[PDB]
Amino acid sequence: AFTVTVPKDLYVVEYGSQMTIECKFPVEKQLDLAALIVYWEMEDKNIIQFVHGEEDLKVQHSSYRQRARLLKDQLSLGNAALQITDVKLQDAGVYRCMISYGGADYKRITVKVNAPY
């Protein structure tokens, strides 16, 4: 993970929908889960951690319990995709991902949530 990229700097999602934000990182030959770290956060609130091949939710903020998950199948393709269900107005803001795979990098992602109707 010398350089982490994001497909979008801004995501516009509808209220109540399911949101998937992504951070891409280089995977040359095949994914070694032993050395991979994936960390998602938003406004000092930890969303999810992925280390040693497992999700770590010890410091997960209570807002994202049962709502946030990491698409593990996408990790093999160099995609750290954060999936958040039942998006509410409080989910708009500034997100950040950290990927550590050999190297490490950070990327900022902005989320805007449209009004329900």
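From 1 onward, residues are counted along the sequence shown.
Novice: Mean C-alpha B factor from the entry: is it higher for 8-16 or for 103-111?
Specialist: Higher mean C-alpha B-factor: 8-16.
Novice: Which is higher on average in the deposited entry, the C-alpha temperature factors of 60-68 or of 86-94?
Specialist: Per the PDB record, 60-68.
Novice: Going by the deposited entry, which of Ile37, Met42, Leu31, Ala81 has the highest CA temperature factor?
Specialist: In the PDB entry, the greatest C-alpha B-factor among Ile37, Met42, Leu31, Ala81 is found at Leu31.
Novice: Once the chain's modelled residues are ordered by C-alpha B factor and cut into thirds, is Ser76 in the lowest, middle or highest one?
Specialist: Highest third, going by the recorded CA B-factors of the chain.
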